[PDB]
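Take a look at this one chain, the form deposited in one PDB entry, written out in structure tokens.
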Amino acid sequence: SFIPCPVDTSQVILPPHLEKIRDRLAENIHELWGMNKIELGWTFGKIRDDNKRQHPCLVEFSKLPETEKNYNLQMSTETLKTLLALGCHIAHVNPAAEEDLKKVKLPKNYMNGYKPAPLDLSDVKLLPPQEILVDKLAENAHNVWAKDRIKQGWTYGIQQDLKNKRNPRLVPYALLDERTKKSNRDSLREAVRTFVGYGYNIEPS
């Protein structure tokens, strides 16, 4: 059996000036999911058929249900709140941001009206201490996801099931396939690069 216990963010709070960056981080994380699903062969619909490859939650940020969108906004908060728990703080330095950025231009077949478009964050490099940081944050994000699922009643099986709460990935990070392990680490790379793209520096407090 496996129990997830991430780092403690219970005593920390997020200053009001950090909520502005929280809304933009959660936006760009959604466009990456739509693109990686179009690359995986999912079409559109208003009812959910796994064999037909049609799913309703492939539209813009504005029309998703309020029940589902809260999970994304809270996990954008815990990521910024966990950085304060490591003895570091983020401070805005560079004013030449928000006009120096652009979104990706994809071909016409990625389009129902909606077409995903993440930001172009490719010429943004990190220092070693910042890259060792993304290694620690990725394993914590798995533990935060793991702790919510145990409380919601989902256990481990061999086959995922929409009628019987069950998912095969209910394992420690050490018993995790590198194909999944990587995708958790790549999500934090876009998270840290999203902060630098708007002008935030990560230093000790």
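Throughout, we count residues from 1 along the sequence that is shown. Rigid core: the largest C-alpha set superposing within 1.5 Å between the two forms.
Quick note: we don't show the form deposited in another entry, though the next part is all about it.
Trainee: Under a superposition restricted to the rigid core, does residue 31 display a Cα displacement of 2 angstroms or more between this form and the one not shown?
Mentor: Not so; residue 31 is displaced by less than 2 Å.
Trainee: After superposing the rigid core, is the C-alpha displacement of residue 60 2 Å or more between this form and the one not shown?
Mentor: After core superposition, the C-alpha of residue 60 moves less than 2 Å between this form and the one not shown.
Trainee: Quick check on residue 46: with the core superposed, does its CA move 2 angstroms or more between this form and the one not shown?
Mentor: Residue 46 C-alpha, core-superposed: shift of 2 Å or more.
Trainee: Hey, the CA atoms of residue 76 and residue 48 end up closer or farther in the other form than in the shown form, with the change being 3 Å or more?
Mentor: Here the pair is farther apart than in the other form; there, closer.
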